[PDB]
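Data first, discussion second: the structure below is written as structure tokens.
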Ligand code: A1LZM
Ligand code: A1LZM
Ligand SMILES: C/C=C1/c2cc3[nH]c4c(c3C)C(=O)[C@H](C(=O)OC)c4c3nc(cc4[nH]c(cc(n2)[C@@H]1C)c(C(C)=O)c4C)[C@@H](C)[C@@H]3CCC(=O)OC/C=C(/C)CCC[C@H](C)CC/C=C(\C)CCCC(C)C
Ligand code: HEC
Ligand code: HEC
Ligand code: HEC
Ligand SMILES: [Fe+3]
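In structure tokens:
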């Protein structure tokens, strides 16, 4: 049971039903979850480089000592949780014995990449927000909305037996608690062969001799991913669509376009940054998923049931040390749409 | 409840019933024997999965 | 206006062509249903209250009035709908009313007492004057004094002897017996003795439990006095469809004519 | 132009409001004052629909819509080009539906029949009123009510359903779809039964109520009967309209998340199986 | 107020009627007729006897086999936990084959169980339809109820078999699940444009909304005219009474036209059975002839065009 | 049991057995198709084609 | 139990028992199908093929 009033956002023409209702009491109850911690004061760029006053500093080498300490303290406040410095550090602070140390090194690289390359298309839609460690982790070692491959895609299939739901027909937040395919996050936010443009076009709306569409199962998977998108942003389908015409981008609110990039960005995050971490993890780590996979990034990982992560708090100027240099060959169409050039390993 | 059929009517019904039941039964036994000789229905302790016996290039739906 | 092989050309596609075919079938189906509608009351008759004569060709023929349908009945009779006895009954129906105005569509105000006029809500159709039987030739609508096998269920009030009150609360009578439908297993009528016996249709009777714990029948349609004018049964122990129809029509007459007010609006 | 038996019932009286001035018939239609007001509201509302067709240059019954004002408009009167025409037509539709139901009350009084038909129509009217008033009151503006377009109100239904992600899973939608399907199922069964009794194979006599009772007793073990089938049918259709009221008044006002998430919120956590 | 004919305040019970004589009725009519007083409030109290025919018994058995196949699959899907079956009752389903099989019957757990259950359920539904026909015929009735069920079953076979076969893929068929078949609704409508733009969807909803309209109006009409024994409609058809006259005149004075006691049932019968028929037409054209109902209705000036958005979303993939 | 027709309607029994055997023939044929080994429609090889010894059914074979 | 048919209808008893045993035969065959060990259509190996000794049922074996 919910209750009026609601924060309403009319995302389309009047009378079309294109609007989003957001519960103010629910956002108030999730205020602790949806607000980043108070930022530390800005650190000066003048001083000895962190790679000179510390033995094993590579990713943050170009940082000043003060900026280094600021970002280290913030990362402790964002990912370490109640473990503090020991979360990633042994007694020796220059030793990468814990997988958390090296994973956090790759995570600093990934956050820099995201703030340098995905800000123009996705991470600064409303505010110059970008992402920090807290955007996904929310103060915890494991991002609460990190996802693993479902414990049905990795299991051995009893092909002639009973009870195979085909990654559907089960309760899952990954599909916004629909019976839609639960491996849609793997299909689209990791895999690149998945087709999200499932709505038929034809010619004149007709299955012309040249008309080839997607299967109904592909429609199931895409609608499941879209359920995940709606769940993650705490909005309905109308946030990014006149549902009457899903294929029509001209009839869709601007948030669809950025959502598109988010899809690709998630793929980027999962393909070039999250999955290659499996080497760093221990073979029998309890953090790994049932299929022995590292938790991937979905829409919900940053949009923890929120339209814009951390209430769109600005971090690009606030944490320049988490903003890297733009990738010279960055292209949002090279993540499974115009090609797979920027998805390393696939 | 009583069907009202006489003993002779019940006996001709049962003659036909025995004919149909046992003819279908024998035909089905022959059919199952033929299908069993074609491929025994029940696997041995080794099983009869292709993955356990066929080379790797023999695709198995299992 | 491209060709869309094999799905058509321009808008001449098979989405729209199955649409057109189904609308053609739906139009034919509506025409068929309208013809079936015209099996009663058709051919239409113009309003006799008219300063002009009747046009030679009458309304209600765009879907043609179909050939009369033949029904074979259990009693061996072959009836033809529209049943001409009903049509002649309507033709020769005593009105006891005059049009309010000289134009067609004018309502009929009854000349005298509208309870006895059998006009409007008191109007009734011509029906069979032989009592209807069940499939086993048993009297279909029968009092429980004859059909002793039928009983009021334990959880429900047995109103034999219960008071029957009229619109104004006056004592119309007492329930002598309950008439049930053998086929429907429902109460059709309450036989109400008046201190002579009349019948009270079950839908015209409200079995109300008084706060005394005493059950009574409240009859909103007619008053206690008007119970004396309910059409009687030709045979006390059986009712024909015609008598059922007369009694129900009398109570329907009461629904509009029992008291002077109920035929008048809130604000005229 | 009048049924063979119609004149026998065409009497004065039975008006709720109108007296004898409006108490007449034009052709088959009884008029009454509520018929006059129903025609007024209907024709004026259709003229406002045509006005929107003119100002929007949309002379297509399918593409033309009178949409309610924007959400930011609230309950304010809108410009006729910004939802005011929808407000006028909403008043017209409420008035026309109420006048039609009241004319049916008048006709029922004149025929001595019960008011069940105007009551059922009033249940449908109650859906329309609670959808076009109750939903604006719950959500804070006329813009949350559905628009007046043959196809465009389907788009509104689509978008309002997809606002809660998967509208099929709505409890009121599940109940009401079951009720519509049961209503069509029971109408098919009932029409089929009555026609089967009165239209057996050629040469067979018309069957009875005993025949239809034993037909459904043999068929499904229970026969609801002549009275029971009509009571159940009125109940099924009415209850589906009440389910429509609850669905249109709860999606958004009483659940802004997905109805899948609504089902997940309680059903899997029911303690008899949440362990 | 007046009695509203909503509930039977006083129920009368006769001897439990076993039923009119039919061939095989003495044996195949089973169950001591039980009287439900709660059911007697609305309609007939008598429950039973039911005809234990060959088609009826084997159709019920096949329905049970289908339901138990579905339940066993749900159990095996939740590790044979009845607790988890009930916890996930609405989500769980016997899923259809994936598209890579096309029309091939796949292994059980790759949609083969769905096709197995489809065969069992379809055969059981056909045996139940045969029971409908034969129960009508044994009583000397028309087979109108059987043909209404035939319209519903034709739509069912379009949903499950005929249209998946015409499309050439079993994944187009309806999954056997509470929430899964609603997800099939969503997937079909959105994959093939939008069924809101499907005119056979429009007509089927018109006929379903009008089944509700006609059956509300007709039940209300019969309850209103029950003062004149209009609920005994067979008599009002063969021997037209004042109740049927008043019903016709109510609807003629309201709408300008009416029905008869028989023709209102013709109207309702056709309005109901048209829902699955034009439903089957529209669903079948979705995926065989029509790829997008939105694009098709755009070509036919059926789909509304709304105000162009300020700052529309532009497809980043051109 | 020739006396069964004194108490069981043979018409029901025979017609119902025919209906249930149509249903069961579909069920069993579909079960065979759903099996790789027994899907003659797909025609997969038998493991006996690749086994050098007879697997048996009750033969107490060991790896 | 020969007097049971004085009080219990053998019609419904026999019909319901045949219907229930058809349903139960399907249920039991489903239970076998769902079992890797017992699915003959899958044809999975028995674990006894790989055990070096008799597992028993009540044998009270120890690791
Ligand atoms: C995505 C999204 C979606 C959706 C959406 C949604 C929302 C939002 C909603 C809804 C609804 C529902 N639906 Mg649906 N859907 C889906 C689907 C479906 C299906 C399948 C198959 O799938 C099915 C079967 C279904 C059905 C249903 C039902 C039940 C309901 C409807 C009905 C109504 O309402 O009307 C109701 C209505 C009413 C009552 C109406 C009334 C008039 C008025 C007075 C009268 C007068 C008028 C006039 C004009 C006059 C004329 C003249 C002449 C002509 C001269 N679904 C999807 C999913 N949904 C509602 C509710 O809730 O209920 C519960 C709401 O709200
Ligand atoms: C792959 C493939 C396959 C098949 C095939 C087919 C088709 C297609 C069909 C069939 C059938 C039929 N089968 Mg057969 N099968 C199969 C197996 C079997 C079995 C097992 C054991 O496994 C059985 C028992 C059967 C049986 C039968 C019957 C019951 C029916 C009828 C026929 C007759 O009569 O015969 C006749 C009869 C007969 C053959 C039978 C008798 C007793 C015997 C001596 C003894 C018993 C034993 C046991 C159970 C235990 C052992 C096992 C273990 C594990 C060692 N099937 C496979 C799996 N199919 C049909 C039907 O359903 O009808 C409706 C059809 O259509
Ligand atoms: C639970 C019970 C139910 C029930 C019951 C029942 N409905 C009855 C009766 C009974 C007992 C009648 O007795 C009465 C009658 O005479 O015909 C049989 C009637 C009727 N309903 C009609 C339409 C109907 N009803 C539907 C639903 C149910 N109807 C539910 C299921 C549905 C849908 C969508 O499901 C439809 C389209 C007409 C044909 C007729 C009214 C005419 C009128 O209002 O006059 C008035 C005359 C006219 C011409 C009205 C015009 C008024 C405005 C200004 C015109 C503009 C129209 C709108 C703004 C509406 C929104 C447009 C949409 C595109 C968004
Ligand atoms: C994981 C998320 C970490 C937390 C929490 C903290 N530290 Fe860390 N630290 C981490 C990495 C991956 C690195 C390497 C940085 C690089 O650019 O490669 C570091 C680095 C340091 C260093 C310098 C290492 C050296 O060469 O001596 C120090 C001194 C250090 N970190 C201290 C430190 C303290 C005090 C923390 C708690 C407040 C802390 N770190 C948190 C990973 C993580
Ligand atoms: C979202 C895009 C993320 C941002 C931004 C950062 N991290 Fe992350 N991190 C993310 C995921 C999905 C995961 C996997 C969680 C799982 O389920 O396994 C991680 C993992 C880490 C870890 C290891 C967690 C553990 O196993 O204990 C660390 C130490 C970590 N991330 C650190 C980290 C830092 C320091 C970041 C900012 C510079 C950072 N992450 C950003 C998702 C995202
Ligand atoms: C973290 C790395 C993110 C992931 C993964 C996804 N999104 Fe995102 N999104 C993120 C940020 C930091 C922002 C900017 C917030 C701001 O205030 O500017 C966004 C923005 C959006 C928006 C626009 C929201 C708005 O301002 O109206 C949308 C619609 C959106 N994101 C959708 C989206 C989807 C659909 C994703 C998964 C496929 C997704 N995002 C992933 C951070 C991150
Ligand atoms: Fe009826």
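Protein chains in written order, with UniProt numbering: chain A, 25 to 370; chain B, 4 to 65; chain C, 1 to 195, 202 to 274; chain D, 2 to 276; chain E, 2 to 319; chain F, 1 to 63; chain G, 1 to 63. Each residue gets a CB set at the ideal place from its N, CA and C atoms; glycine is no exception.
Separation of residue j from residue i, as counted between CA atoms
i, j, result
"residue 263 (chain A)", "residue 279 (chain A)", "7 Å"
"residue 77 (chain C)", "residue 44 (chain D)", "51 Å"
"residue 69 (chain C)", "residue 218 (chain C)", "54 Å"
"residue 59 (chain D)", "residue 37 (chain C)", "38 Å"
"residue 274 (chain C)", "residue 97 (chain D)", "21 Å"
Span of the beta strand (DSSP E), counted from its first residue to its last, around residue i
i, result
"residue 71 (chain C)", "69-72"
"residue 64 (chain D)", "Where residue 64 (chain D) is concerned, there is no enclosing beta strand (DSSP E), given that its DSSP letter is neither H nor E."
"residue 78 (chain C)", "78-81"
"residue 188 (chain E)", "Careful: residue 188 (chain E) lies outside any beta strand (DSSP E), inside the alpha helix (DSSP H) at 179-192."
"residue 214 (chain C)", "212-215"
"residue 279 (chain E)", "Looking at the DSSP string, residue 279 (chain E) is not in any beta strand (DSSP E); the run it does join, the alpha helix (DSSP H), is 262-286."
Proximity test, residue i beta-carbon vs ligand 4 heavy atom, cut-off 6 Å
i, result
"residue 96 (chain A)", "yes"
"residue 145 (chain A)", "no"
"residue 162 (chain A)", "no"
Assigned secondary structure, residue i (DSSP; H/G/I helix, E/B strand, else coil)
i, result
"residue 63 (chain A)", "coil"
"residue 20 (chain G)", "helix"
"residue 38 (chain C)", "coil"
"residue 2 (chain G)", "helix"
"residue 43 (chain A)", "strand"
"residue 120 (chain E)", "helix"
"residue 5 (chain B)", "coil"
"residue 187 (chain C)", "strand"
"residue 49 (chain F)", "helix"
"residue 48 (chain A)", "helix"
"residue 108 (chain C)", "strand"
Alpha helix (DSSP H) segment containing residue i, residue limits
i, result
"residue 91 (chain A)", "89-99"
"residue 311 (chain A)", "From DSSP, residue 311 (chain A) is part of no alpha helix (DSSP H); its letter is neither H nor E."
"residue 217 (chain E)", "200-226"
Residue i Cβ short of 6 Å to ligand 5 heavy atom set
i, result
"residue 157 (chain A)", "yes"
"residue 135 (chain A)", "yes"
Contact with chain H by residue i, beta-carbon distance below 7 Å
i, result
"residue 255 (chain A)", "The structure shown contains no chain H; its protein chains are A, B, C, D, E, F and G."
Contact test: residue i Cβ vs ligand 1 heavy atom, cutoff 6 Å
i, result
"residue 219 (chain E)", "no"
Contact between the region 60-70 of chain E and the region 17-31 of chain G is defined here as three or more beta-carbon pairs at a separation below 8 Å; is this criterion met? yes
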